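Notes follow once the structure below has been shown.
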Number of protein chains: 6
Amino acid sequence: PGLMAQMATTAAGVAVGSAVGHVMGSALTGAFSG
Amino acid sequence: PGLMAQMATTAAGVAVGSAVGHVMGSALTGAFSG
Amino acid sequence: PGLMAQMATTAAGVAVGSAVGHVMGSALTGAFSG
Amino acid sequence: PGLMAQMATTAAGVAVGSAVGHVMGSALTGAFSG
Amino acid sequence: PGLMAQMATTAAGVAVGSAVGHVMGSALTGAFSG
Amino acid sequence: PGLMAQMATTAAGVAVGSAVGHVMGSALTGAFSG
């Protein structure tokens, strides 16, 4: 395989190119648990 | 295979190119659990 | 295969190019569970 | 005023949660010209 | 004013949570010209 | 004013949480010209 990817992404309180007065973010990730 | 991808994406409180007074975000991810 | 993708996407409280007074978002994802 | 926003947004070739073979996009913006 | 925002946003060839074979994007912005 | 923002944002060939085979992007910005 040219590219194999198993990705677990978590995003909270993300501002991209924005005019935001206040940002709050809480993120939790549990991945690849045996 | 040229590209194999197993992706689990979680987004909360995301502002993109926006004028937001206040942003709140809470995100949780559980992936690839055995 | 040129591109194989198994994607689980969750979005909550997303503002794109918007004028929003207040944004609330809660997202949870469970994927690829054995 | 609580929130005053003058926004000029341009989007071309945008794929959101989609399975697209090929995407082409050309965008131009002229804003707030004196 | 609590929040004053003059925003000029340009997006081309944007893929969000998508399985895309190929993405092409060309974006140009002219803003706040005197 | 609590927050004054004059923003000129340009995005091309942006992939967010996506499985993309190939991404091409060309972006140009001209802002705040006298």
task = May I ask you to list the residues in chain F that are within 14 Å of chain C (Cβ to nearest Cβ) and on the phi > 0 side of the Ramachandran plot?
result = F:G17
remark   = Of the residues in region B:6-26, those that are of a type in the set (S, T, Y) and surrounded by fewer than 24 Cβ atoms within 10 Å (Cβ to Cβ) come to B:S26
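We did not get these values from a lab; they are worked out from the coordinates using the rules stated. No Cβ is skipped: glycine too gets one built from the backbone with ideal geometry, and neighbour counts run over all protein chains shown.
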